[PDB]
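Undergrad: Take a look at the following structure, please.
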Amino acid sequence: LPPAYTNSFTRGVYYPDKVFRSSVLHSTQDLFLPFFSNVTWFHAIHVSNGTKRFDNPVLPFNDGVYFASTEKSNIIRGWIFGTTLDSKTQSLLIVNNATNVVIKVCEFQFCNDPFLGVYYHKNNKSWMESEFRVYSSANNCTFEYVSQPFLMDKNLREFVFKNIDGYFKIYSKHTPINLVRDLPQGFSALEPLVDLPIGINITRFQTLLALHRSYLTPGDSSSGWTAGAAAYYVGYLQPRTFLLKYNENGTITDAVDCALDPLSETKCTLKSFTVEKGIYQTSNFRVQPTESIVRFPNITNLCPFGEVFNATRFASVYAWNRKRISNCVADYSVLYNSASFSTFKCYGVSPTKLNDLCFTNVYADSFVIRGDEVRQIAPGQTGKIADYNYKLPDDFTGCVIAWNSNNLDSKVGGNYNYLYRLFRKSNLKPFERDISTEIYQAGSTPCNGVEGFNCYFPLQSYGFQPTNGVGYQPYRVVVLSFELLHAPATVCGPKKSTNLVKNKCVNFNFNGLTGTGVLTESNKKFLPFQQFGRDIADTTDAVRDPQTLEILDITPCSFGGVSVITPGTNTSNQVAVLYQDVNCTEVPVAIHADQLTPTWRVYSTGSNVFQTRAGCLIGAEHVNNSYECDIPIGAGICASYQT
Amino acid sequence: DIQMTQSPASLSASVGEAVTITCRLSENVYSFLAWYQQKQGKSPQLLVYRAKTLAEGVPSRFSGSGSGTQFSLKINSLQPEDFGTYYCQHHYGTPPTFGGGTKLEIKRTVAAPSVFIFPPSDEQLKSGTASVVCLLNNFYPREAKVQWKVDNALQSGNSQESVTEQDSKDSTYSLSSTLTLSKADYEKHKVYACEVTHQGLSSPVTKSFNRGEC
Amino acid sequence: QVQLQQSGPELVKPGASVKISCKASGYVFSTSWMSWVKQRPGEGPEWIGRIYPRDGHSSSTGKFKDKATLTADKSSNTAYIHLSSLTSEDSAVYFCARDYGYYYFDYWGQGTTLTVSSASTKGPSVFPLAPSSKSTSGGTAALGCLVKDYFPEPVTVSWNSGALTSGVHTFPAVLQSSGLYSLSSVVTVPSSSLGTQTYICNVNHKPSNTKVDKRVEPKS
Ligand SMILES: *[C@@H]1O[C@H](CO)[C@@H](O)[C@H](O)[C@H]1NC(C)=O
Ligand SMILES: *[C@@H]1O[C@H](CO)[C@@H](O)[C@H](O)[C@H]1NC(C)=O
Ligand SMILES: *[C@@H]1O[C@H](CO)[C@@H](O)[C@H](O)[C@H]1NC(C)=O
Ligand SMILES: *[C@@H]1O[C@H](CO)[C@@H](O)[C@H](O)[C@H]1NC(C)=O
């Protein structure tokens with residue numbers, strides 16, 4: 001069945017924040033479904049004859065997936081989000097069984113038919129779940145949230161999904177409807193429903209539909225259920241600037257997209273829903289894609305971790321080496337992003353947020369221990385190494401990093417230089433170094449420093465033959481201990497310059513320049529020692545790059561001043577768009593950047609042309625007959641509202 | 001983004017009692033949370049950062065506890081000066097988020113309000129507007145209702161109610177209700193009074209006065 | 001030994017740009033981060049950003065990225081926050097707090113209240129609250145003064161040049177229908193103390209720069 005399109009209603013607006021506002025016209029920017037957009041009306045299953053039409057369009061998740069369903073029986077059950085929809089990558093599974101809603105994050109190996117299995121039970125007369133045929137695996141499960149069913153119980157059902165900075169948000173709302181297929185033209189705010197810190201990459205969306213015991217049978221014939229009623233709506237959210245309206249109760253009564261059309265742009269720039277008759281300039285004639293550009297120079301004062309990591313010689317565990325690190329910037333994700341490290345476990349902090357935190361003092365301790373001994377290094381553990389060679393506080397903060405080094409720290413005769421304190425009088429405290437060579441007097445006999453039957457040398461060394469095998473192979477183990485004190489911190493993570501992007505008319509804020517424009521290569525070379533090339537004007541056509549060694553041109557989005565002429569919102573809905581100092585042939589030059597934004601190809605109407613010295617005018621007819629001015633357009637000729 | 005949940009939102013207890021305020025976070029922050037005490041019109045003061053680490057110059061009565069999602073601030077002994085608002089805030093990296101706010105009220109013995117009527121100054125009558133206020137002084141509990149009767153007739157919408165913060169030592173609130181009227185309305189009515197209803201009061205008490213020292 | 005002071009409360013027309021000055025002392029300005037926190041009245045405060053003076057670096061969240069720009073002057077240990085496109089929603093109280101880099105704040109400035117509205121400052125109107133001619137059982141007398149109109153929030157209330165500090169109660173100003181803020185402050189005194197001692201209520205309104213001291217005594 002070919003895909004179909006339907007006109008999006010104004011519905012889709014969700015609360016951007018949990019903050020409460022009353023009787024306030026508040027403007028916010030986020031991902032949104034544009035007004036009057038095209039919604040792909042997936043007629044998922046059609047049954048006339050009992051003809052199964054199994055359709056599960058795996059749509060690209062993109063920024064935000066606006067969902068709408070008219071299923072009276074609520075046949076649809078949850079949604080599926082995943083980069084690859086297999087065990088290879090992490091996937092999000094949402095199931096809306098009646099008992100509770102299941103939100104479990106696992107690397108599910110999804111089957112070819114991703115449906116919800118439910119069998120009718122004769123004794124209980126209940127549509128209770130049979131089995132989950134949607135997936136086949138549950139690997140590396142991370143996050144689980146359980147709540148009551150929200151889609152469970154002629155009523156329109158709407159949802160918005162967004163994936164931002166590893167944080168998953170859901171908005172929901174239900175409204176009764178008497179329209180068979182037309183989306184009601186009513187403003188329905190979508191209150192926040194649940195927020196999830198899933199923290200995985202999601203690329204494509206797939207919806208889930210429950211197959212009853214009729215469809216559970218292998219044959220195409222259905223036992224007692226038909227899915228012809230299945231139908232829903234899908235729309236893609238894009239970054240948009242909105243002018244929300246809050247009432248006294250705080251409900252979002254209405255909103256206008258700054259990119260919907262010139263009148264809504266005038267509404268946005270005037271910060272009011274109702275504007276009077278006249279001429280007004282607008283700025284948010286469309287939205288800024290991607291991310292605003294802010295610069296920091298690439299890091300120079302790196303912390304000398306690699307010296308500790310790549311030191312030619314390491315000390316034995318008993319005489320473990322210690323280095324203090326401060327007054328530098330350190331990257332840990334780079335260490336995390338290395339398969340050369342066999343063991344990378346953190347305690348008291350997440351490896352992902354490691355670059356986010358600051359510490360006054362960071363102590364790195366390294367030594368050599370054989371493979372099976374790496375377990376004891378973890379905080380709160382027990383064992384000979386933990387007790388007599390090195391111990392960590394139970395409240396330790398930091399990470400333990402290890403890797404095999406049989407290639408380097410072993411020889412044909414085996415390395416005996418690496419040593420472990422086998423015997424000691426008492427268990428070591430955390431952060432305690434013992435280097436005493438005094439003979440261990442296990443027995444009561446005072447040996448006076450002479451080896452005997454009950455007197456043992458406290459120290460013992462590995463053989464480290466290369467063929468002993470992993471678990472006996474040397475592991476160069478480095479322990480990162482972070483000291484968190486009420487002192488001005490020194491160690492801090494790196495600052496990211498967002499890599500580099502090109503040809504996007506977005507905000508440039510090179511170390512806080514606070515400008516707007518499109519990124520293009522600059523052939524002109526400004527003064528090099530400046531971080532950014534300085535123009536005679538405050539706004540600089542070309543901005544030098546602190547990160548790289550380059551200068552990049554910038555260009556504003558609206559080279560023409562978007563002056564919109566329209567009567568009062570009470571008066572009429574007609575619009576008049578004037579591009580000041582722009583020829584009607586340069587109106588297509590504007591239309592290029594405008595048509596980069598969707599539906600502005602349709603907008604500016606059909607670009608019906610009337611040229612004035614002040615600028616080319618589109619959206620009105622020139623009045624040949626002389627008349628008194630209605631709106632001071634310019635050049636002594638004005639147009640008025642009429643039938 | 002990060003969600004702050006505090007339970008209970010409002011709590012009241014008497015001096016020397018044990019009070020625990022719970023904080024819940026969406027994500028798991030391991031130990032990077034900070035407790036702040038706030039009083040009305042004042043800057044916040046740091047109390048406990050990390051989990052168990054008391055801040056500098058903090059009474060030993062205050063104690064922090066909890067790990068991960070659950071974080072508990074416990075006061076072993078309540079003090080009259082401990083009144084205020086308490087916030088739980090993570091410091092696990094940008095962006096730090098403050099809690100919704102937990103109100104703490106120091107409970108004490110029920111105290112009847114000392115009621116006073118205040119006839120408007122003749123200066124304001126010269127100004128052309130009339131404002132009449134009657135006062136509640138050092139009363140507990142916080143809940144109190146004042147009824148403005150104009151010529152022995154109830155009125156509403158012309159009176160504004162304001163309550164000061166719980167006293168540092170007296171541990172008793174004060175309430176002011178100012179009736180707003182035109183000078184003509186003042187001249188129309190000979191008798192003005194406000195009726196004060198309070199839990200401490202055995203019976204409702206009214207203070208009345210007559211225009212022109214009558 | 002750590003003192004943080006901020007400029008006085010500011011009234012600005014909506015849509016304009018404002019700067020707030022925070023001063024630090026008793027510790028090295030460069031070594032410790034200095035941040036900004038904004039609090040809505042009757043609502044929990046929110047983090048804004050941080051600035052670290054020795055390199056001039058500033059990090060802030062996207063919500064206030066456009067609104068707030070952090071600038072720190074190492075010479076005077078005074079870091080100025082610049083806010084632009086002021087709205088009624090922006091009008092709130094702002095604090096500057098010292099940071100040791102861990103985003104937890106041990107010291108806090110007194111804070112500055114930012115007010116955004118079209119109208120301007122209105123001069124106070126002060127009406128003394130005469131004690132009622134009563135027997136005054138218990139040696140308890142009640143007296144105060146009434147301030148009629150404040151457009152800006154800040155209030156200065158003093159009793160006999162601030163000498164009297166016992167039984168002083170100053171109720172918070174209340175927004176009125178006209179938008180003007182009316183405030184009344186009172187104090188309890190002994191009944192015998194009425195005729196013996198002269199009681200003066202001293203009021204100041206810094207945005208209006210008007211200082212008024214009024215004598216109060218029961219009528220007739
Ligand atoms: C929807 O698709 C139709 C099909 O050509 C097109 O004419 C119309 O402009 C589109 N509208 C939107 C909002 O995409
Ligand atoms: C060891 O290898 C190089 C040496 O320059 C460098 O990447 C670093 O010092 C060490 N490697 C890592 C991944 O840290
Ligand atoms: C860092 O930046 C400087 C100046 O922009 C440049 O010369 C250098 O090559 C950069 N280094 C790296 C590793 O990008
Ligand atoms: C616009 O068109 C006119 C007439 O062809 C021409 O003289 C002029 O140079 C063009 N450009 C501008 C900016 O006016």
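We label chains A, B, ... in the order they appear in the structure tokens, count residues from 1 in each chain, and number ligands from 1 in the order shown.
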Check every residue of chain A for an atom within 9 Å of chain C, counting only C-alpha atoms, and provide those that qualify as a PDB file with C-alpha atoms, in the first residue's frame.
TA:
```
ATOM      1  CA  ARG A  21       3.971  30.441  34.033  1.00  0.00           C
ATOM      2  CA  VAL A  24       2.638  35.155  30.244  1.00  0.00           C
ATOM      3  CA  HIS A  26       6.678  33.142  26.775  1.00  0.00           C
ATOM      4  CA  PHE A 296      37.479  27.630  22.548  1.00  0.00           C
ATOM      5  CA  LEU A 357      34.207  16.971  36.848  1.00  0.00           C
ATOM      6  CA  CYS A 358      36.996  19.005  38.446  1.00  0.00           C
ATOM      7  CA  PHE A 359      39.390  17.862  41.178  1.00  0.00           C
ATOM      8  CA  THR A 360      42.077  19.726  43.099  1.00  0.00           C
ATOM      9  CA  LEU A 484      37.856  15.982  46.482  1.00  0.00           C
ATOM     10  CA  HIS A 486      37.282  22.148  49.934  1.00  0.00           C
ATOM     11  CA  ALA A 487      40.052  23.883  48.011  1.00  0.00           C
ATOM     12  CA  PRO A 488      40.212  25.636  44.631  1.00  0.00           C
ATOM     13  CA  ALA A 489      40.429  22.781  42.154  1.00  0.00           C
ATOM     14  CA  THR A 490      43.149  22.502  39.514  1.00  0.00           C
ATOM     15  CA  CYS A 492      39.476  19.950  34.993  1.00  0.00           C
ATOM     16  CA  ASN A 511      34.608  32.752  22.426  1.00  0.00           C
ATOM     17  CA  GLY A 512      31.390  34.757  22.774  1.00  0.00           C
ATOM     18  CA  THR A 514      27.294  36.385  19.840  1.00  0.00           C
TER      19      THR A 514
END
```
Undergrad: Within 7 Å of chain B, which residues of chain A show up when using only C-alpha atoms, listed as a compact mmCIF listing (two decimals) with C-alpha atoms, in the first residue's frame?
TA:
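Written out: iface-v5.txt:
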```
# COMPACT_ATOMS: atom_id res chain seq x y z
CA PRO A 197 18.15 8.97 30.98
CA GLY A 348 31.75 6.59 42.74
CA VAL A 349 31.58 8.30 39.33
CA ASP A 356 32.78 16.92 33.31
CA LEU A 357 34.21 16.97 36.85
```
Undergrad: Counting only C-alpha atoms, which residues of chain C come no farther than 8 Å from chain B, as a ChimeraX atom specification?
TA: /C:43-47,61,95,102-111,127-132,142,169-174
Undergrad: I'd like the contact shell of residue 17 (chain B) - 8 Å cut-off, only C-alpha atoms, skipping same-chain residues fewer than 4 positions apart - returned as a PyMOL selection string.
TA: chain B and resi 13+76-78
Undergrad: Distance limit 6 Å, reference ligand 3, atoms considered: only C-alpha atoms and all ligand atoms. Which residues make the cut? Give them as a ChimeraX atom specification.
TA: /A:298,546-549
Undergrad: Write the residues of the preceding selection, restricted to N, CA and C atoms, as a PDB file, in the first residue's frame.
TA:
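Listed below is the output, part-v4.pdb:
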```
ATOM      1  N   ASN A 298      42.033  24.903  21.008  1.00  0.00           N
ATOM      2  CA  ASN A 298      42.351  23.522  21.340  1.00  0.00           C
ATOM      3  C   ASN A 298      43.300  23.474  22.528  1.00  0.00           C
ATOM      4  N   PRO A 546      39.884  29.927  16.330  1.00  0.00           N
ATOM      5  CA  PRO A 546      40.851  29.562  17.379  1.00  0.00           C
ATOM      6  C   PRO A 546      41.213  28.088  17.360  1.00  0.00           C
ATOM      7  N   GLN A 547      40.266  27.220  16.997  1.00  0.00           N
ATOM      8  CA  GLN A 547      40.527  25.785  17.030  1.00  0.00           C
ATOM      9  C   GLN A 547      41.549  25.381  15.977  1.00  0.00           C
ATOM     10  N   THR A 548      41.223  25.578  14.702  1.00  0.00           N
ATOM     11  CA  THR A 548      42.084  25.222  13.593  1.00  0.00           C
ATOM     12  C   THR A 548      42.963  26.426  13.251  1.00  0.00           C
ATOM     13  N   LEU A 549      43.646  26.368  12.112  1.00  0.00           N
ATOM     14  CA  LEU A 549      44.391  27.502  11.586  1.00  0.00           C
ATOM     15  C   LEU A 549      43.694  27.944  10.299  1.00  0.00           C
TER      16      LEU A 549
END
```
Undergrad: Write out as a ChimeraX atom specification the residues lying within 7 Å of residue 197 (chain B), counting only C-alpha atoms and excluding same-chain residues fewer than 2 positions away.
TA: /B:144-146,195,201,204-205
Undergrad: Given the selection you just returned, output its residues as a file containing C-alpha atoms, formatted as an mmCIF file, in the first residue's frame.
TA:
```cif
data_model
loop_
_atom_site.group_PDB
_atom_site.id
_atom_site.type_symbol
_atom_site.label_atom_id
_atom_site.label_comp_id
_atom_site.auth_asym_id
_atom_site.auth_seq_id
_atom_site.Cartn_x
_atom_site.Cartn_y
_atom_site.Cartn_z
ATOM 1 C CA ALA B 144 -5.520 32.569 61.066
ATOM 2 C CA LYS B 145 -8.585 34.189 59.528
ATOM 3 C CA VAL B 146 -9.581 37.852 59.784
ATOM 4 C CA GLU B 195 -13.150 40.099 63.371
ATOM 5 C CA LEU B 201 -8.596 32.158 70.431
ATOM 6 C CA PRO B 204 -13.661 35.035 67.799
ATOM 7 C CA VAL B 205 -12.497 38.463 68.958
#
```
Undergrad: To check your reading of the model: which residues sit at most 7 Å from ligand 1 when counting only C-alpha atoms and all ligand atoms? Write the answer as a list in words.
TA: residues 5, 36, 37, 38, 599 and 602 of chain A
Undergrad: Could the residues in this selection be written to a file with C-alpha atoms, as a PDB file, in the first residue's frame?
TA:
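Final output, saved to result_15.pdb:
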```pdb
ATOM      1  CA  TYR A   5      -0.429  12.336   3.423  1.00  0.00           C
ATOM      2  CA  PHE A  36       0.024  22.701   8.822  1.00  0.00           C
ATOM      3  CA  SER A  37       2.703  20.145   7.967  1.00  0.00           C
ATOM      4  CA  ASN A  38       2.244  16.934   6.003  1.00  0.00           C
ATOM      5  CA  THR A 599       7.209  24.959   2.696  1.00  0.00           C
ATOM      6  CA  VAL A 602       4.964  27.438  -1.294  1.00  0.00           C
TER       7      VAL A 602
END
```
Undergrad: When DSSP works through the backbone of this structure, what residues of region 102-164 of chain B end up as strand (DSSP E), shown as a PyMOL selection string?
TA: chain B and resi 102-107+114-118+129-139+144-150+154-155+159-163
Undergrad: What would the file look like if the residues just selected were written as a tab-separated table (two decimals), in the first residue's frame with N, CA and C atoms?
TA:
```tsv
chain	number	residue	atom	x	y	z
B	102	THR	N	11.77	22.69	50.28
B	102	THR	CA	11.08	22.07	51.40
B	102	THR	C	10.90	23.10	52.50
B	103	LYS	N	9.65	23.34	52.90
B	103	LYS	CA	9.37	24.29	53.96
B	103	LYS	C	9.44	23.59	55.31
B	104	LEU	N	10.17	24.20	56.24
B	104	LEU	CA	10.27	23.70	57.61
B	104	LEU	C	9.72	24.75	58.56
B	105	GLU	N	8.79	24.34	59.41
B	105	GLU	CA	8.17	25.22	60.39
B	105	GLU	C	8.44	24.67	61.78
B	106	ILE	N	8.93	25.53	62.67
B	106	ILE	CA	9.21	25.13	64.04
B	106	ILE	C	7.91	25.18	64.84
B	107	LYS	N	7.44	24.01	65.26
B	107	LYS	CA	6.20	23.94	66.02
B	107	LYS	C	6.43	24.38	67.45
B	114	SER	N	-2.27	38.87	69.89
B	114	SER	CA	-2.62	40.16	70.45
B	114	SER	C	-3.14	41.06	69.34
B	115	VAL	N	-4.44	41.35	69.37
B	115	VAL	CA	-5.13	42.01	68.27
B	115	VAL	C	-5.16	43.50	68.55
B	116	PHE	N	-4.96	44.31	67.51
B	116	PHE	CA	-5.00	45.76	67.61
B	116	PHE	C	-5.64	46.32	66.35
B	117	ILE	N	-6.53	47.29	66.52
B	117	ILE	CA	-7.14	48.02	65.42
B	117	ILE	C	-6.36	49.31	65.22
B	118	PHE	N	-6.19	49.71	63.96
B	118	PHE	CA	-5.46	50.93	63.67
B	118	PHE	C	-6.32	51.84	62.81
B	129	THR	N	-7.73	58.80	49.92
B	129	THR	CA	-7.90	57.35	49.97
B	129	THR	C	-7.88	56.91	51.42
B	130	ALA	N	-8.56	55.81	51.73
B	130	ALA	CA	-8.64	55.29	53.08
B	130	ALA	C	-8.07	53.88	53.14
B	131	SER	N	-7.14	53.66	54.06
B	131	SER	CA	-6.61	52.33	54.34
B	131	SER	C	-6.70	52.06	55.83
B	132	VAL	N	-7.38	50.98	56.19
B	132	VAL	CA	-7.57	50.59	57.58
B	132	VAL	C	-6.95	49.22	57.78
B	133	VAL	N	-6.14	49.08	58.82
B	133	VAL	CA	-5.40	47.85	59.08
B	133	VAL	C	-5.60	47.47	60.54
B	134	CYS	N	-5.72	46.17	60.80
B	134	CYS	CA	-5.67	45.63	62.15
B	134	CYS	C	-4.63	44.52	62.20
B	135	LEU	N	-4.05	44.33	63.37
B	135	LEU	CA	-2.77	43.65	63.52
B	135	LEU	C	-2.93	42.37	64.33
B	136	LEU	N	-2.21	41.33	63.93
B	136	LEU	CA	-2.05	40.12	64.72
B	136	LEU	C	-0.58	40.01	65.13
B	137	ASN	N	-0.34	39.88	66.43
B	137	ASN	CA	1.01	39.94	66.97
B	137	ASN	C	1.35	38.66	67.71
B	138	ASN	N	2.43	38.01	67.27
B	138	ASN	CA	3.03	36.88	67.98
B	138	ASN	C	2.01	35.78	68.27
B	139	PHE	N	1.47	35.20	67.20
B	139	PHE	CA	0.47	34.15	67.32
B	139	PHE	C	0.94	32.88	66.63
B	144	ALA	N	-4.69	31.57	60.41
B	144	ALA	CA	-5.52	32.57	61.07
B	144	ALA	C	-6.39	33.24	60.02
B	145	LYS	N	-7.61	33.57	60.42
B	145	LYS	CA	-8.58	34.19	59.53
B	145	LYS	C	-9.08	35.48	60.15
B	146	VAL	N	-9.08	36.55	59.36
B	146	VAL	CA	-9.58	37.85	59.78
B	146	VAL	C	-10.77	38.21	58.91
B	147	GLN	N	-11.85	38.67	59.54
B	147	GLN	CA	-13.05	39.08	58.83
B	147	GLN	C	-13.25	40.57	59.01
B	148	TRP	N	-13.33	41.30	57.90
B	148	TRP	CA	-13.55	42.74	57.91
B	148	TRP	C	-15.04	43.01	57.81
B	149	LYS	N	-15.61	43.58	58.87
B	149	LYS	CA	-17.02	43.94	58.91
B	149	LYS	C	-17.14	45.45	58.85
B	150	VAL	N	-17.83	45.95	57.83
B	150	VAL	CA	-18.04	47.38	57.63
B	150	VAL	C	-19.48	47.69	58.00
B	154	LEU	N	-20.25	42.12	56.50
B	154	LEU	CA	-19.03	41.49	56.00
B	154	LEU	C	-18.66	42.05	54.63
B	155	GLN	N	-17.36	42.14	54.37
B	155	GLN	CA	-16.85	42.59	53.08
B	155	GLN	C	-15.62	41.77	52.72
B	159	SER	N	-9.41	44.03	51.20
B	159	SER	CA	-8.41	43.79	52.23
B	159	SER	C	-7.31	42.90	51.68
B	160	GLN	N	-6.07	43.24	52.00
B	160	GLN	CA	-4.90	42.47	51.60
B	160	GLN	C	-4.23	41.91	52.84
B	161	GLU	N	-3.86	40.63	52.79
B	161	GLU	CA	-3.30	39.93	53.94
B	161	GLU	C	-1.82	39.64	53.69
B	162	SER	N	-0.98	39.99	54.66
B	162	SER	CA	0.45	39.72	54.61
B	162	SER	C	0.88	39.13	55.94
B	163	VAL	N	1.77	38.14	55.89
B	163	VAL	CA	2.25	37.44	57.07
B	163	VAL	C	3.77	37.45	57.06
```
Undergrad: Write out as a PyMOL selection string each polymer residue (protein, DNA or RNA) that has an atom no more than 12 Å from ligand 2, with only C-alpha atoms and all ligand atoms counted.
TA: chain A and resi 302-312+330-341+401+403+478
Undergrad: Selected residues, N, CA, C and O atoms, written as a short mmCIF file (atom, residue, chain, number, x, y, z; two decimals), in the first residue's frame, please.
TA:
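And here's selection_17.cif as it stands now:
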```
data_model
loop_
_atom_site.label_atom_id
_atom_site.label_comp_id
_atom_site.auth_asym_id
_atom_site.auth_seq_id
_atom_site.Cartn_x
_atom_site.Cartn_y
_atom_site.Cartn_z
N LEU A 302 48.20 19.68 28.55
CA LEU A 302 47.72 18.34 28.83
C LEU A 302 48.37 17.77 30.08
O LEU A 302 49.55 17.99 30.36
N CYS A 303 47.58 17.03 30.85
CA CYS A 303 48.12 16.33 32.00
C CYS A 303 49.00 15.17 31.51
O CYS A 303 48.61 14.44 30.60
N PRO A 304 50.17 14.98 32.10
CA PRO A 304 51.12 13.97 31.62
C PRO A 304 50.78 12.54 32.06
O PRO A 304 51.60 11.85 32.67
N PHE A 305 49.56 12.10 31.74
CA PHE A 305 49.18 10.73 32.06
C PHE A 305 50.00 9.73 31.26
O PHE A 305 50.49 8.74 31.81
N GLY A 306 50.17 9.98 29.96
CA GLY A 306 50.84 9.01 29.10
C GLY A 306 52.23 8.66 29.58
O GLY A 306 52.72 7.55 29.36
N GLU A 307 52.90 9.61 30.24
CA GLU A 307 54.20 9.31 30.84
C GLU A 307 54.08 8.17 31.84
O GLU A 307 54.88 7.23 31.82
N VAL A 308 53.08 8.24 32.72
CA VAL A 308 52.85 7.15 33.67
C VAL A 308 52.42 5.90 32.93
O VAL A 308 52.87 4.79 33.23
N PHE A 309 51.54 6.05 31.94
CA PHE A 309 51.08 4.90 31.17
C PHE A 309 52.21 4.28 30.37
O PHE A 309 52.36 3.05 30.34
N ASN A 310 53.03 5.10 29.72
CA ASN A 310 54.06 4.62 28.82
C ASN A 310 55.46 4.71 29.40
O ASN A 310 56.44 4.73 28.64
N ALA A 311 55.59 4.80 30.72
CA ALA A 311 56.91 4.71 31.33
C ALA A 311 57.54 3.36 31.02
O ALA A 311 56.86 2.32 31.05
N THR A 312 58.83 3.37 30.70
CA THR A 312 59.51 2.14 30.31
C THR A 312 59.51 1.13 31.45
O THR A 312 59.28 -0.07 31.23
N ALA A 330 42.88 17.32 31.57
CA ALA A 330 43.03 15.89 31.37
C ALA A 330 41.81 15.35 30.65
O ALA A 330 40.68 15.73 30.95
N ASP A 331 42.04 14.45 29.69
CA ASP A 331 40.97 13.77 28.96
C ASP A 331 40.98 12.30 29.38
O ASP A 331 42.01 11.63 29.29
N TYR A 332 39.84 11.82 29.83
CA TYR A 332 39.69 10.43 30.26
C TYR A 332 38.91 9.59 29.26
O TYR A 332 39.13 8.38 29.19
N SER A 333 38.00 10.20 28.49
CA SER A 333 37.26 9.45 27.49
C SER A 333 38.20 8.85 26.45
O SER A 333 37.94 7.75 25.93
N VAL A 334 39.29 9.55 26.14
CA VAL A 334 40.29 8.99 25.23
C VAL A 334 40.88 7.71 25.81
O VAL A 334 41.07 6.72 25.09
N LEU A 335 41.17 7.70 27.11
CA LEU A 335 41.58 6.46 27.76
C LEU A 335 40.46 5.44 27.74
O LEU A 335 40.70 4.25 27.53
N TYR A 336 39.22 5.89 27.95
CA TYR A 336 38.09 4.98 27.86
C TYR A 336 37.94 4.43 26.45
O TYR A 336 37.60 3.26 26.26
N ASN A 337 38.19 5.26 25.44
CA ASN A 337 38.07 4.85 24.04
C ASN A 337 39.37 4.20 23.56
O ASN A 337 40.04 4.69 22.65
N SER A 338 39.71 3.09 24.19
CA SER A 338 40.89 2.31 23.84
C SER A 338 40.68 0.86 24.24
O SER A 338 40.54 0.57 25.43
N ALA A 339 40.66 -0.03 23.25
CA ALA A 339 40.50 -1.45 23.54
C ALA A 339 41.75 -2.06 24.17
O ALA A 339 41.70 -3.21 24.61
N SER A 340 42.86 -1.32 24.21
CA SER A 340 44.08 -1.85 24.79
C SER A 340 43.95 -2.07 26.29
O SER A 340 44.77 -2.78 26.88
N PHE A 341 42.94 -1.47 26.92
CA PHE A 341 42.74 -1.59 28.36
C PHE A 341 41.78 -2.75 28.62
O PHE A 341 40.60 -2.70 28.25
N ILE A 401 42.22 1.05 36.08
CA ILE A 401 42.54 0.77 34.69
C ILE A 401 43.67 -0.25 34.64
O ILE A 401 44.67 -0.09 35.34
N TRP A 403 45.75 -3.44 31.98
CA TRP A 403 45.98 -4.03 30.67
C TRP A 403 47.10 -5.06 30.78
O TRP A 403 48.00 -4.93 31.61
N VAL A 478 47.06 0.69 36.58
CA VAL A 478 47.13 2.08 37.02
C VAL A 478 45.83 2.40 37.75
O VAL A 478 44.74 2.07 37.26
#
```
Undergrad: Enumerate residues in contact with ligand 4: an atom-to-atom distance of at most 8 Å, counting only C-alpha atoms and all ligand atoms. Format the result as a PyMOL selection string.
TA: chain A and resi 581-585+613
